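Every residue, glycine among them, receives a Cβ derived from its backbone with ideal geometry; neighbour counts consider all protein chains shown. The values are calculated or read from the model by the stated rules, or taken from the named source; nothing here is a laboratory result.
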Amino acid sequence: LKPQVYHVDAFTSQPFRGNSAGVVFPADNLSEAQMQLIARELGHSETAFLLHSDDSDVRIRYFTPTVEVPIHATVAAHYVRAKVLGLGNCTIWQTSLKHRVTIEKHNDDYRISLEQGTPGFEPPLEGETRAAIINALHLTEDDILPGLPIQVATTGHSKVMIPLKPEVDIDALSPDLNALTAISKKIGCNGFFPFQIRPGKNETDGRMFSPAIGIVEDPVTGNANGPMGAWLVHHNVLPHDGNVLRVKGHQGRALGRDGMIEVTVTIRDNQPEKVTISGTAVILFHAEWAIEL
Amino acid sequence: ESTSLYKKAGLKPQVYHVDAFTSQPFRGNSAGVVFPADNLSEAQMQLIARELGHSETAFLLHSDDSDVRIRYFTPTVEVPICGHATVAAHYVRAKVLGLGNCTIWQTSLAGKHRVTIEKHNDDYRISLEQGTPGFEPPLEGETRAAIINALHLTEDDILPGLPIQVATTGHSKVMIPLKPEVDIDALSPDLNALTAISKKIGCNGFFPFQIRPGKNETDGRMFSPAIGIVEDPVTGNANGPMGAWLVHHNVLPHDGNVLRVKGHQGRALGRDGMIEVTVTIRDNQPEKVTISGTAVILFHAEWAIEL
């Protein structure tokens, strides 16, 4: 009933791993300035504030330490909400600046599934742009998965797909961040997602670099892994039954912030129609605010 | 007569989120405090400090040769001791243990420090003794001009008859005395030029400040881009030396025994804070520097995970 603050690691079961987020609940009597102040104070890359909706179950506003942003803190918010309310195996609808969410409960723990936006792809990056991206990661053409493009994919917040051979030491990558930033201005995408596929498995390991927006590396990124799953279907990279492809995306190992996202792609005529991402989380602690508001 | 540590603080570690050098939430200088922290391993402390994301988190331990032992960690490494985190730490402990007015001893990697606790109307003020005051020779010539140019000021903005000068009580800072007419909040330094100057002079922090007319009070800003911190909200390590420097240059009036200065810092950052600097004086030179501050606990809780 009183404002509480939750410190949550999203897309993991292990404390101190995953992608940390704040959740403040309930946030009904906070102004935009108060929410911005709290987000700055907690210092997570994102803090979620959960409120009452008159046409849904929940409205959520997300703030970085400096500015409001859109719909990992989503998984955190709904995990917290499920735990506090004692939610069951149900469907929830989110309004925020109408998004379908599913909650599953196994063993007194929760998994949260978010349906993403329409999959889409931009024309492949070829020639000098391709070579510029490869050189910025300090790789060569021989490091790239043969016959496949470097290419922006999206389910609502676009990312550059960079398909690497399994032989590549993805954890040793240390990109030229200024060069990535210069490329971002030419291609209209701020996030770069090198990833590789585990041999014989519908599983991947990736890293998401986004220096153009001040985030050098994001530990676990739903908006990268979702489009990667769509992309794998679109370029027929992983075997599937033509109906559903499930990929377990791993991210964050080099940061000591290992996380996991399950990506489920619905398939029609061998093209990705819909993408859902799912993950769990762990609450490290929660408290009532000891101060007024 | 026991503090009854585990009765009052509990048997399980709690995290406290504290703003130091202020009584206003969301202002001052934030620090994590973990209390009690006994039996947490070093690896766990480093992970918790990374997780909380403050500039420092302090871990309060039982001590065999003092009232309390404190370990300090940034997000990446253990450090010997930290001013604002020391204030946060002792504020938490005083309030949780229900302490009155006392003088106690703490132990850390930096040795044995005396700490004074004052209680007035259920609130607390913490006082810490800093290291030996010293000064390096004033910066003149190219160096003075380049510091001034890097703040986008001119010679006309510097307080007449006073040097730009490195002062220290343990962690040195460049004192840059400004006229009261200077709009300190609008300063936007050329950060690359400051870093280059830091390399040349062997000092990683710059402290432009001004004196409020007719008062023993100052407003300052601490820029330290050479060590990756562009601006620190409230810095005991700048304000303490400032106090000593004011005595050494006989800038403010005093009774020949003590100078008390209320230092203000962090307004431009939206993180206003206040440090009271007490300088003991002998023959018009600074002998001893003490800083004092309060704090506010935003929230606290036991961990939901097993540690």
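If you go through the stretch B:295-303 one residue at a time, do you hit one that is closer than 30 Å to A:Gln36 by Cα, within 14 Å of chain A (Cβ to nearest Cβ), outside any loop (DSSP other than H, G, I, E, B) and acidic (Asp, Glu)? Checking the stretch B:295-303: at least one residue is closer than 30 Å to A:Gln36 by Cα, within 14 Å of chain A (Cβ to nearest Cβ), outside any loop (DSSP other than H, G, I, E, B) and acidic (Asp, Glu).
All but one of (1) in the same structural domain as A:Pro163 (by CATH); (2) of a type outside the set (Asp, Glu); (3) more than 22 Å from A:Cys189 (Cβ to Cβ) hold for A:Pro123, so report the exception by its number. For A:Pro123, the exception is condition (3).
Would you confirm whether or not the stretch B:52-62 contains a residue that is small (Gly, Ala, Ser), assigned to a strand (DSSP E or B) and closer than 14 Å to B:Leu298 by Cβ? No, the stretch B:52-62 contains no residue that is small (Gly, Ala, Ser), assigned to a strand (DSSP E or B) and closer than 14 Å to B:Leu298 by Cβ. Close Cβ contacts (under 9 Å, 6 or more residues apart or on different chains) running from residues in the stretch A:1-23 that are at the interface with another protein chain (Cβ under 9 Å from one of its Cβ atoms) to residues that are in a loop (DSSP other than H, G, I, E, B) and of a type in the set (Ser, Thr, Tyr) comprise A:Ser20/A:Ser45.
Check whether at least one residue in the stretch A:62-81 is of a type outside the set (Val, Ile, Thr) and farther than 30 Å from B:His54 by Cβ, and report yes or no. The answer is no; no qualifying residue exists. Considering only residues in the stretch A:1-27 that are assigned to a strand (DSSP E or B) and of a type outside the set (A, V, I, L, M, F, W, C), the one that is nearest to A:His250 (Cα to Cα) turns out to be A:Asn19. Checked against the criterion of being within 14 Å of chain B (Cβ to nearest Cβ) and within 13 Å of the chain's Cα centre (by Cα), the candidates A:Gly229, A:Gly252, A:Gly279, A:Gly191 yield just one match: A:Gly252. Annotation note: of A:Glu262, A:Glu288, the sole residue that is more than 14 Å from chain B (Cβ to nearest Cβ), of a type in the set (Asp, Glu) and closer than 30 Å to A:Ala27 by Cα is A:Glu262.
All of (1) within 14 Å of chain A (Cβ to nearest Cβ); (2) more than 17 Å from B:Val87 (Cα to Cα) hold for B:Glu56 with one exception: (2). In the stretch B:23-46 there is at least one residue that is under 16 Å from A:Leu42 (Cβ atoms), among the aliphatic types (A, V, I, L, M) and crowded, with 24+ Cβ neighbours inside 10 Å. Of the residues making up the stretch B:255-294, just one is within 20 Å of B:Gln210 (Cβ to Cβ), assigned to a strand (DSSP E or B) and acidic (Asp, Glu), namely B:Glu276. Inclusion of B:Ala37 among residues that are in a loop (DSSP other than H, G, I, E, B), more than 14 Å from chain A (Cβ to nearest Cβ) and within 26 Å of A:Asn19 (Cα to Cα) is warranted.
Let's see how each residue does on (1) under 26 Å from A:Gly43 (Cβ atoms); (2) assigned by CATH to the domain that holds A:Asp143; (3) surrounded by fewer than 18 Cβ atoms within 10 Å (Cβ to Cβ); (4) touching a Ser or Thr at 6+ places or on another chain (Cβ under 7 Å):
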| position | (1), (2), (3), (4) |
| --- | --- |
| A:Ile197 | no, yes, no, yes |
| A:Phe209 | yes, yes, no, no |
| A:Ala224 | yes, yes, no, no |
| A:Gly252 | yes, yes, no, no |
| A:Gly256 | yes, yes, yes, no |
| A:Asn270 | no, yes, yes, no |
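Give the stretch A:40-51 a look and list any residue that's in a loop (DSSP other than H, G, I, E, B) and within 10 Å of chain B (Cβ to nearest Cβ), or say none. Scanning the stretch A:40-51 gives A:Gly43, A:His44, A:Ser45. Selection of strands (runs of 3 or more DSSP E) fully inside the stretch B:73-172 by the criterion of at least 1 residues being of a type in the set (D, E, K, R) returns B:111-120, B:123-129. In the stretch B:248-305, of all residues being charged (D, E, K, R) and touching a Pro at 6+ places or on another chain (Cβ under 9 Å), the one that is nearest to A:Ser13 (Cα to Cα) corresponds to B:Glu302.
Please state which one of A:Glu217, A:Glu203 is acidic (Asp, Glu), under 20 Å from A:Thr155 (Cβ atoms) and out of contact with any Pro (no Cβ under 6 Å at 6 or more places or on another chain). Testing whether each residue is acidic (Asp, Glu), under 20 Å from A:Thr155 (Cβ atoms) and out of contact with any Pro (no Cβ under 6 Å at 6 or more places or on another chain) leaves just A:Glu203.
Checking the structure you have, find out if any residue of the stretch B:100-113 is of a type in the set (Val, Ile, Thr) and out of contact with any strand residue (DSSP E or B) (no Cβ under 6 Å at 6 or more places or on another chain). Among the residues of the stretch B:100-113, not one is of a type in the set (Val, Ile, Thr) and out of contact with any strand residue (DSSP E or B) (no Cβ under 6 Å at 6 or more places or on another chain), which makes the answer no.
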